[PDB]
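Below is final_36.pdb, holding PDB, C-alpha atoms.
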```pdb
ATOM      1  CA  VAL P   1      13.221 -19.092  10.648  1.00  0.00           C
ATOM      2  CA  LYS P   2      15.351 -20.978   8.087  1.00  0.00           C
ATOM      3  CA  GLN P   3      12.815 -23.783   7.653  1.00  0.00           C
ATOM      4  CA  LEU P   4      10.000 -21.237   7.263  1.00  0.00           C
ATOM      5  CA  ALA P   5      12.104 -19.478   4.613  1.00  0.00           C
ATOM      6  CA  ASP P   6      12.509 -22.820   2.834  1.00  0.00           C
ATOM      7  CA  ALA P   7       8.745 -23.364   2.920  1.00  0.00           C
ATOM      8  CA  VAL P   8       8.058 -19.851   1.553  1.00  0.00           C
ATOM      9  CA  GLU P   9      10.527 -20.567  -1.282  1.00  0.00           C
ATOM     10  CA  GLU P  10       8.599 -23.782  -2.031  1.00  0.00           C
ATOM     11  CA  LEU P  11       5.356 -21.798  -2.173  1.00  0.00           C
ATOM     12  CA  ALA P  12       6.935 -19.215  -4.507  1.00  0.00           C
ATOM     13  CA  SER P  13       7.942 -22.047  -6.837  1.00  0.00           C
ATOM     14  CA  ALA P  14       4.400 -23.504  -6.709  1.00  0.00           C
ATOM     15  CA  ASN P  15       2.889 -20.099  -7.468  1.00  0.00           C
ATOM     16  CA  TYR P  16       5.221 -19.598 -10.456  1.00  0.00           C
ATOM     17  CA  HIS P  17       4.024 -23.033 -11.704  1.00  0.00           C
ATOM     18  CA  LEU P  18       0.420 -21.872 -11.170  1.00  0.00           C
ATOM     19  CA  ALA P  19       1.013 -18.584 -13.052  1.00  0.00           C
ATOM     20  CA  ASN P  20       2.450 -20.510 -15.972  1.00  0.00           C
ATOM     21  CA  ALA P  21      -0.584 -22.821 -16.057  1.00  0.00           C
ATOM     22  CA  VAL P  22      -3.092 -19.944 -15.808  1.00  0.00           C
ATOM     23  CA  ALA P  23      -1.294 -18.154 -18.674  1.00  0.00           C
ATOM     24  CA  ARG P  24      -1.659 -21.328 -20.778  1.00  0.00           C
ATOM     25  CA  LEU P  25      -5.375 -21.481 -19.953  1.00  0.00           C
ATOM     26  CA  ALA P  26      -5.789 -17.802 -20.990  1.00  0.00           C
ATOM     27  CA  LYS P  27      -4.128 -18.606 -24.304  1.00  0.00           C
ATOM     28  CA  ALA P  28      -6.341 -21.662 -24.874  1.00  0.00           C
ATOM     29  CA  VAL P  29      -9.518 -19.685 -24.093  1.00  0.00           C
ATOM     30  CA  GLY P  30      -8.462 -16.758 -26.326  1.00  0.00           C
ATOM     31  CA  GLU P  31      -7.552 -18.937 -29.331  1.00  0.00           C
TER      32      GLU P  31
ATOM     33  CA  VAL I   1      16.022 -13.239   8.665  1.00  0.00           C
ATOM     34  CA  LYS I   2      17.641 -12.196   5.361  1.00  0.00           C
ATOM     35  CA  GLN I   3      16.868 -15.661   3.956  1.00  0.00           C
ATOM     36  CA  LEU I   4      13.249 -15.184   5.022  1.00  0.00           C
ATOM     37  CA  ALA I   5      13.096 -11.692   3.459  1.00  0.00           C
ATOM     38  CA  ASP I   6      14.572 -13.115   0.265  1.00  0.00           C
ATOM     39  CA  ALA I   7      11.963 -15.900   0.221  1.00  0.00           C
ATOM     40  CA  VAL I   8       9.065 -13.465   0.754  1.00  0.00           C
ATOM     41  CA  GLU I   9      10.406 -11.284  -2.067  1.00  0.00           C
ATOM     42  CA  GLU I  10      10.448 -14.352  -4.314  1.00  0.00           C
ATOM     43  CA  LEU I  11       6.837 -15.121  -3.373  1.00  0.00           C
ATOM     44  CA  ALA I  12       5.875 -11.523  -4.170  1.00  0.00           C
ATOM     45  CA  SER I  13       7.473 -11.896  -7.592  1.00  0.00           C
ATOM     46  CA  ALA I  14       5.603 -15.173  -8.165  1.00  0.00           C
ATOM     47  CA  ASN I  15       2.311 -13.544  -7.172  1.00  0.00           C
ATOM     48  CA  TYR I  16       2.839 -10.598  -9.522  1.00  0.00           C
ATOM     49  CA  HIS I  17       3.288 -13.153 -12.304  1.00  0.00           C
ATOM     50  CA  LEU I  18       0.126 -14.956 -11.163  1.00  0.00           C
ATOM     51  CA  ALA I  19      -1.809 -11.641 -11.141  1.00  0.00           C
ATOM     52  CA  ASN I  20      -0.665 -10.946 -14.710  1.00  0.00           C
ATOM     53  CA  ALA I  21      -1.755 -14.428 -15.782  1.00  0.00           C
ATOM     54  CA  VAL I  22      -5.198 -14.074 -14.145  1.00  0.00           C
ATOM     55  CA  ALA I  23      -5.587 -10.676 -15.850  1.00  0.00           C
ATOM     56  CA  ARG I  24      -4.856 -12.343 -19.225  1.00  0.00           C
ATOM     57  CA  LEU I  25      -7.494 -14.960 -18.418  1.00  0.00           C
ATOM     58  CA  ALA I  26     -10.060 -12.226 -17.537  1.00  0.00           C
ATOM     59  CA  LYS I  27      -9.347 -10.503 -20.845  1.00  0.00           C
ATOM     60  CA  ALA I  28      -9.710 -13.807 -22.781  1.00  0.00           C
ATOM     61  CA  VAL I  29     -13.034 -14.637 -21.061  1.00  0.00           C
ATOM     62  CA  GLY I  30     -14.414 -11.094 -21.456  1.00  0.00           C
ATOM     63  CA  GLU I  31     -13.494 -10.800 -25.113  1.00  0.00           C
ATOM     64  CA  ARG I  32     -15.068 -14.120 -26.240  1.00  0.00           C
TER      65      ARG I  32
ATOM     66  CA  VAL Q   1      13.518  -6.465  10.323  1.00  0.00           C
ATOM     67  CA  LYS Q   2      13.374  -3.573   7.786  1.00  0.00           C
ATOM     68  CA  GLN Q   3      14.167  -5.757   4.800  1.00  0.00           C
ATOM     69  CA  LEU Q   4      11.588  -8.352   5.821  1.00  0.00           C
ATOM     70  CA  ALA Q   5       8.975  -5.581   6.211  1.00  0.00           C
ATOM     71  CA  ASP Q   6       9.843  -4.270   2.746  1.00  0.00           C
ATOM     72  CA  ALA Q   7       9.459  -7.791   1.247  1.00  0.00           C
ATOM     73  CA  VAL Q   8       6.104  -8.231   2.989  1.00  0.00           C
ATOM     74  CA  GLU Q   9       4.945  -4.883   1.560  1.00  0.00           C
ATOM     75  CA  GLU Q  10       5.828  -6.160  -1.918  1.00  0.00           C
ATOM     76  CA  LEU Q  11       3.846  -9.334  -1.280  1.00  0.00           C
ATOM     77  CA  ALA Q  12       0.870  -7.228  -0.137  1.00  0.00           C
ATOM     78  CA  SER Q  13       1.096  -5.203  -3.348  1.00  0.00           C
ATOM     79  CA  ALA Q  14       1.288  -8.378  -5.460  1.00  0.00           C
ATOM     80  CA  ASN Q  15      -1.751  -9.843  -3.707  1.00  0.00           C
ATOM     81  CA  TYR Q  16      -3.674  -6.595  -4.245  1.00  0.00           C
ATOM     82  CA  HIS Q  17      -2.865  -6.870  -7.929  1.00  0.00           C
ATOM     83  CA  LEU Q  18      -3.994 -10.503  -7.782  1.00  0.00           C
ATOM     84  CA  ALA Q  19      -7.261  -9.412  -6.154  1.00  0.00           C
ATOM     85  CA  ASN Q  20      -7.870  -6.871  -8.877  1.00  0.00           C
ATOM     86  CA  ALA Q  21      -7.217  -9.472 -11.582  1.00  0.00           C
ATOM     87  CA  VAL Q  22      -9.609 -11.952  -9.955  1.00  0.00           C
ATOM     88  CA  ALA Q  23     -12.183  -9.123  -9.687  1.00  0.00           C
ATOM     89  CA  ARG Q  24     -11.800  -8.570 -13.462  1.00  0.00           C
ATOM     90  CA  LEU Q  25     -12.341 -12.301 -14.025  1.00  0.00           C
ATOM     91  CA  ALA Q  26     -15.470 -12.267 -11.803  1.00  0.00           C
ATOM     92  CA  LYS Q  27     -16.887  -9.352 -13.820  1.00  0.00           C
ATOM     93  CA  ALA Q  28     -16.153 -11.118 -17.126  1.00  0.00           C
ATOM     94  CA  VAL Q  29     -17.743 -14.390 -15.988  1.00  0.00           C
ATOM     95  CA  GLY Q  30     -20.720 -12.621 -14.346  1.00  0.00           C
ATOM     96  CA  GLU Q  31     -21.507 -10.719 -17.567  1.00  0.00           C
TER      97      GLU Q  31
ATOM     98  CA  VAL A   1       8.311  -3.347  15.388  1.00  0.00           C
ATOM     99  CA  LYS A   2       6.166  -0.752  13.577  1.00  0.00           C
ATOM    100  CA  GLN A   3       7.286  -1.133   9.937  1.00  0.00           C
ATOM    101  CA  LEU A   4       6.868  -4.917  10.084  1.00  0.00           C
ATOM    102  CA  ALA A   5       3.466  -4.707  11.803  1.00  0.00           C
ATOM    103  CA  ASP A   6       2.293  -2.122   9.244  1.00  0.00           C
ATOM    104  CA  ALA A   7       3.488  -4.448   6.456  1.00  0.00           C
ATOM    105  CA  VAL A   8       1.658  -7.474   7.881  1.00  0.00           C
ATOM    106  CA  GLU A   9      -1.498  -5.334   8.262  1.00  0.00           C
ATOM    107  CA  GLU A  10      -1.201  -4.331   4.604  1.00  0.00           C
ATOM    108  CA  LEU A  11      -0.841  -8.002   3.611  1.00  0.00           C
ATOM    109  CA  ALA A  12      -4.001  -8.785   5.629  1.00  0.00           C
ATOM    110  CA  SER A  13      -5.854  -5.993   3.780  1.00  0.00           C
ATOM    111  CA  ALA A  14      -4.706  -7.313   0.414  1.00  0.00           C
ATOM    112  CA  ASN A  15      -5.690 -10.888   1.258  1.00  0.00           C
ATOM    113  CA  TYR A  16      -9.121  -9.779   2.442  1.00  0.00           C
ATOM    114  CA  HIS A  17      -9.649  -7.892  -0.813  1.00  0.00           C
ATOM    115  CA  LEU A  18      -8.542 -11.039  -2.643  1.00  0.00           C
ATOM    116  CA  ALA A  19     -10.975 -13.174  -0.620  1.00  0.00           C
ATOM    117  CA  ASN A  20     -13.832 -10.841  -1.586  1.00  0.00           C
ATOM    118  CA  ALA A  21     -12.942 -11.070  -5.272  1.00  0.00           C
ATOM    119  CA  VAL A  22     -12.678 -14.886  -5.125  1.00  0.00           C
ATOM    120  CA  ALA A  23     -16.092 -15.085  -3.405  1.00  0.00           C
ATOM    121  CA  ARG A  24     -17.585 -12.908  -6.167  1.00  0.00           C
ATOM    122  CA  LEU A  25     -15.995 -15.161  -8.808  1.00  0.00           C
ATOM    123  CA  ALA A  26     -17.599 -18.186  -7.097  1.00  0.00           C
ATOM    124  CA  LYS A  27     -21.007 -16.469  -7.276  1.00  0.00           C
ATOM    125  CA  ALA A  28     -20.430 -15.612 -10.970  1.00  0.00           C
ATOM    126  CA  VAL A  29     -19.478 -19.211 -11.786  1.00  0.00           C
ATOM    127  CA  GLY A  30     -22.413 -20.618  -9.809  1.00  0.00           C
ATOM    128  CA  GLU A  31     -25.129 -18.556 -11.500  1.00  0.00           C
TER     129      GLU A  31
ATOM    130  CA  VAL C   1       4.970  -6.389  20.420  1.00  0.00           C
ATOM    131  CA  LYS C   2       1.186  -5.769  20.627  1.00  0.00           C
ATOM    132  CA  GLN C   3       1.097  -3.980  17.258  1.00  0.00           C
ATOM    133  CA  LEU C   4       2.630  -7.058  15.612  1.00  0.00           C
ATOM    134  CA  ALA C   5       0.439  -9.639  17.365  1.00  0.00           C
ATOM    135  CA  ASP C   6      -2.637  -7.608  16.310  1.00  0.00           C
ATOM    136  CA  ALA C   7      -1.365  -7.511  12.720  1.00  0.00           C
ATOM    137  CA  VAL C   8      -0.801 -11.286  12.697  1.00  0.00           C
ATOM    138  CA  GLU C   9      -4.363 -11.791  13.971  1.00  0.00           C
ATOM    139  CA  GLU C  10      -5.676  -9.639  11.105  1.00  0.00           C
ATOM    140  CA  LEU C  11      -3.700 -11.750   8.637  1.00  0.00           C
ATOM    141  CA  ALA C  12      -5.051 -14.987  10.127  1.00  0.00           C
ATOM    142  CA  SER C  13      -8.603 -13.637   9.819  1.00  0.00           C
ATOM    143  CA  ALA C  14      -8.002 -12.533   6.229  1.00  0.00           C
ATOM    144  CA  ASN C  15      -6.575 -15.954   5.340  1.00  0.00           C
ATOM    145  CA  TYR C  16      -9.555 -17.753   6.860  1.00  0.00           C
ATOM    146  CA  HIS C  17     -11.822 -15.508   4.739  1.00  0.00           C
ATOM    147  CA  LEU C  18      -9.709 -16.365   1.719  1.00  0.00           C
ATOM    148  CA  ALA C  19      -9.885 -20.097   2.465  1.00  0.00           C
ATOM    149  CA  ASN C  20     -13.685 -19.830   2.793  1.00  0.00           C
ATOM    150  CA  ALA C  21     -13.910 -18.008  -0.562  1.00  0.00           C
ATOM    151  CA  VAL C  22     -11.721 -20.565  -2.364  1.00  0.00           C
ATOM    152  CA  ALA C  23     -13.843 -23.377  -0.921  1.00  0.00           C
ATOM    153  CA  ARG C  24     -16.940 -21.672  -2.343  1.00  0.00           C
ATOM    154  CA  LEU C  25     -15.183 -21.395  -5.713  1.00  0.00           C
ATOM    155  CA  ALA C  26     -14.309 -25.096  -5.605  1.00  0.00           C
ATOM    156  CA  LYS C  27     -17.948 -25.972  -4.943  1.00  0.00           C
ATOM    157  CA  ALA C  28     -19.045 -23.705  -7.827  1.00  0.00           C
ATOM    158  CA  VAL C  29     -16.538 -25.156 -10.326  1.00  0.00           C
ATOM    159  CA  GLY C  30     -17.388 -28.662  -9.087  1.00  0.00           C
ATOM    160  CA  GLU C  31     -21.099 -28.056  -9.777  1.00  0.00           C
TER     161      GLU C  31
ATOM    162  CA  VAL B   1       1.403 -18.380  15.345  1.00  0.00           C
ATOM    163  CA  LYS B   2      -1.062 -21.295  15.769  1.00  0.00           C
ATOM    164  CA  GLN B   3      -4.066 -19.319  14.511  1.00  0.00           C
ATOM    165  CA  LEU B   4      -2.149 -18.092  11.466  1.00  0.00           C
ATOM    166  CA  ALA B   5      -0.865 -21.610  10.727  1.00  0.00           C
ATOM    167  CA  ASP B   6      -4.398 -22.999  11.052  1.00  0.00           C
ATOM    168  CA  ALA B   7      -5.713 -20.425   8.549  1.00  0.00           C
ATOM    169  CA  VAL B   8      -2.926 -21.329   6.080  1.00  0.00           C
ATOM    170  CA  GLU B   9      -3.826 -25.023   6.535  1.00  0.00           C
ATOM    171  CA  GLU B  10      -7.450 -24.198   5.685  1.00  0.00           C
ATOM    172  CA  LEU B  11      -6.328 -22.343   2.590  1.00  0.00           C
ATOM    173  CA  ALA B  12      -4.261 -25.400   1.563  1.00  0.00           C
ATOM    174  CA  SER B  13      -7.337 -27.603   1.984  1.00  0.00           C
ATOM    175  CA  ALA B  14      -9.455 -25.226  -0.078  1.00  0.00           C
ATOM    176  CA  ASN B  15      -6.927 -25.133  -2.913  1.00  0.00           C
ATOM    177  CA  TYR B  16      -6.757 -28.953  -2.888  1.00  0.00           C
ATOM    178  CA  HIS B  17     -10.534 -29.018  -3.385  1.00  0.00           C
ATOM    179  CA  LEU B  18     -10.310 -26.363  -6.081  1.00  0.00           C
ATOM    180  CA  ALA B  19      -7.625 -28.395  -7.872  1.00  0.00           C
ATOM    181  CA  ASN B  20      -9.764 -31.515  -7.825  1.00  0.00           C
ATOM    182  CA  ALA B  21     -12.802 -29.608  -9.173  1.00  0.00           C
ATOM    183  CA  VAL B  22     -10.677 -28.153 -12.001  1.00  0.00           C
ATOM    184  CA  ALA B  23      -9.275 -31.605 -12.833  1.00  0.00           C
ATOM    185  CA  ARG B  24     -12.809 -33.031 -13.033  1.00  0.00           C
ATOM    186  CA  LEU B  25     -13.780 -30.155 -15.333  1.00  0.00           C
ATOM    187  CA  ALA B  26     -10.755 -30.828 -17.558  1.00  0.00           C
ATOM    188  CA  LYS B  27     -11.844 -34.452 -17.876  1.00  0.00           C
ATOM    189  CA  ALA B  28     -15.408 -33.366 -18.764  1.00  0.00           C
ATOM    190  CA  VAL B  29     -14.173 -30.895 -21.423  1.00  0.00           C
ATOM    191  CA  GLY B  30     -11.909 -33.606 -22.891  1.00  0.00           C
TER     192      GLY B  30
ATOM    193  CA  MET S   1       6.476 -18.974  18.776  1.00  0.00           C
ATOM    194  CA  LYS S   2       6.277 -22.452  17.231  1.00  0.00           C
ATOM    195  CA  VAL S   3       7.597 -21.686  13.735  1.00  0.00           C
ATOM    196  CA  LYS S   4       7.217 -25.393  12.802  1.00  0.00           C
ATOM    197  CA  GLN S   5       3.410 -25.105  12.662  1.00  0.00           C
ATOM    198  CA  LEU S   6       3.688 -22.263  10.159  1.00  0.00           C
ATOM    199  CA  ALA S   7       6.394 -23.882   8.044  1.00  0.00           C
ATOM    200  CA  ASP S   8       4.346 -27.101   7.873  1.00  0.00           C
ATOM    201  CA  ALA S   9       1.242 -25.153   6.832  1.00  0.00           C
ATOM    202  CA  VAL S  10       3.104 -23.244   4.122  1.00  0.00           C
ATOM    203  CA  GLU S  11       4.490 -26.562   2.788  1.00  0.00           C
ATOM    204  CA  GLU S  12       0.924 -27.902   2.635  1.00  0.00           C
ATOM    205  CA  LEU S  13      -0.169 -24.801   0.743  1.00  0.00           C
ATOM    206  CA  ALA S  14       2.711 -25.154  -1.706  1.00  0.00           C
ATOM    207  CA  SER S  15       1.739 -28.796  -2.291  1.00  0.00           C
ATOM    208  CA  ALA S  16      -1.892 -27.817  -2.930  1.00  0.00           C
ATOM    209  CA  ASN S  17      -0.832 -25.077  -5.347  1.00  0.00           C
ATOM    210  CA  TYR S  18       1.413 -27.415  -7.367  1.00  0.00           C
ATOM    211  CA  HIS S  19      -1.636 -29.730  -7.598  1.00  0.00           C
ATOM    212  CA  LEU S  20      -3.816 -26.773  -8.669  1.00  0.00           C
ATOM    213  CA  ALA S  21      -1.233 -25.748 -11.271  1.00  0.00           C
ATOM    214  CA  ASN S  22      -1.274 -29.260 -12.714  1.00  0.00           C
ATOM    215  CA  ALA S  23      -5.105 -29.273 -12.847  1.00  0.00           C
ATOM    216  CA  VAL S  24      -5.192 -25.862 -14.577  1.00  0.00           C
ATOM    217  CA  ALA S  25      -2.602 -27.040 -17.121  1.00  0.00           C
ATOM    218  CA  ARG S  26      -4.794 -30.106 -17.832  1.00  0.00           C
ATOM    219  CA  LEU S  27      -7.805 -27.805 -18.321  1.00  0.00           C
ATOM    220  CA  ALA S  28      -5.750 -25.640 -20.727  1.00  0.00           C
ATOM    221  CA  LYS S  29      -4.854 -28.743 -22.767  1.00  0.00           C
ATOM    222  CA  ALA S  30      -8.495 -29.909 -22.829  1.00  0.00           C
ATOM    223  CA  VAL S  31      -9.774 -26.474 -23.951  1.00  0.00           C
ATOM    224  CA  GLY S  32      -7.111 -26.143 -26.660  1.00  0.00           C
TER     225      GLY S  32
END
```
Here is the file; what I need is its structure written in the form of structure tokens.
Amino acid sequence: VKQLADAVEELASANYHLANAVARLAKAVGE
Amino acid sequence: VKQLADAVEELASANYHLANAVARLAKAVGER
Amino acid sequence: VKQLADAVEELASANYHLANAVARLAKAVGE
Amino acid sequence: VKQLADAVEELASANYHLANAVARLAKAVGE
Amino acid sequence: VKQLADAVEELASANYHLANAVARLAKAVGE
Amino acid sequence: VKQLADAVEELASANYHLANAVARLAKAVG
Amino acid sequence: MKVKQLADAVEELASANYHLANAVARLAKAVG
């Protein structure tokens, strides 16, 4: 399952990137 | 399996952060 | 398998929170 | 094993709830 | 093992529902 | 796990389409 | 259990979500 774990880690990193972007959009909308 | 559990925990943390960010966006949209 | 189950339960909780946030966004857009 | 199956079932429930909310957001955006 | 296979099937079904919902959102945003 | 993997693949496709729609919107707003 | 199918699918989802993140960041810049 090591390669699946690696893939899940990649997804976690992508979703952190997405959260950061969504937060920036919230800020832009609210300002 | 511990590596997989660790990875899933990391994804959970990421998704909590995404939920918070989407909630901020809902607030921003609703308050306009 | 216990620790994996516990991690999956945290992911389920996170995705429930995500669902609730998207539901709030749907309400805000719809109104 | 039971704890893991229960956890996966809870993740399925969360993701289904998320799907519903996303579908409602799509409707809100589209109208 | 049955409990887990059943749970995995529920997750697959939820994720298909989620994919369908996101596709509808993409169409809405794209329109 | 074929069914589960296929569902995840469909979600990936959907998010690709969502991303492209959002990028087009960003260009329109700009 | 062919774990490869699932790992490949999760990698594809990660790739899509990085692309989505970039698109959302571009929308944030355009709005602001």
Exercise for the section: Might you pull out every residue within 9 Å of residue 11 of chain C, with all atoms listed in the file counted and same-chain residues fewer than 2 positions away left off, and present them as a PyMOL selection string? Expected result: (chain A and resi 8-13+15-16) or (chain C and resi 6-9+13-16) or (chain B and resi 4+7)
Practice prompt. Could you expand the ChimeraX specification (/Q :<7) & /I into the explicit residues it covers here, written as a VMD selection string?
Written response: chain I and resid 5 8 to 9 11 to 12 15 to 16 18 to 19 22 to 23 26 29 to 30
Find the axis-aligned box for segment 5-18 of chain S, covering all its listed atoms and adding 3 Å on each side, and write its centre and edge lengths in Å to one decimal as JSON.
```
{"center_x": 2.3, "center_y": -25.5, "center_z": 2.6, "size_x": 14.3, "size_y": 12.5, "size_z": 26.0}
```
- After a least-squares superposition of chain Q on chain C over all Cα atoms matched in order, what is the RMSD to one decimal?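 That gives an RMSD of 0.4 Å.
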Please evaluate the PyMOL selection byres ((chain S) within 7 of (chain B)) against the structure above and give the resulting residues as a PyMOL selection string. chain S and resi 1-2+5-6+9-10+12-13+16-17+19-20+23-24+26-27+30-31
For C-alpha atoms, I'd like the residues from the last selection saved as a PDB file, in the coordinates of the input.
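Output contents, as saved in part-v4.pdb:
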```
ATOM      1  CA  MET S   1       6.476 -18.974  18.776  1.00  0.00           C
ATOM      2  CA  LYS S   2       6.277 -22.452  17.231  1.00  0.00           C
ATOM      3  CA  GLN S   5       3.410 -25.105  12.662  1.00  0.00           C
ATOM      4  CA  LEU S   6       3.688 -22.263  10.159  1.00  0.00           C
ATOM      5  CA  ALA S   9       1.242 -25.153   6.832  1.00  0.00           C
ATOM      6  CA  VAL S  10       3.104 -23.244   4.122  1.00  0.00           C
ATOM      7  CA  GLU S  12       0.924 -27.902   2.635  1.00  0.00           C
ATOM      8  CA  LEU S  13      -0.169 -24.801   0.743  1.00  0.00           C
ATOM      9  CA  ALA S  16      -1.892 -27.817  -2.930  1.00  0.00           C
ATOM     10  CA  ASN S  17      -0.832 -25.077  -5.347  1.00  0.00           C
ATOM     11  CA  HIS S  19      -1.636 -29.730  -7.598  1.00  0.00           C
ATOM     12  CA  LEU S  20      -3.816 -26.773  -8.669  1.00  0.00           C
ATOM     13  CA  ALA S  23      -5.105 -29.273 -12.847  1.00  0.00           C
ATOM     14  CA  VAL S  24      -5.192 -25.862 -14.577  1.00  0.00           C
ATOM     15  CA  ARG S  26      -4.794 -30.106 -17.832  1.00  0.00           C
ATOM     16  CA  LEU S  27      -7.805 -27.805 -18.321  1.00  0.00           C
ATOM     17  CA  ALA S  30      -8.495 -29.909 -22.829  1.00  0.00           C
ATOM     18  CA  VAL S  31      -9.774 -26.474 -23.951  1.00  0.00           C
TER      19      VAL S  31
END
```
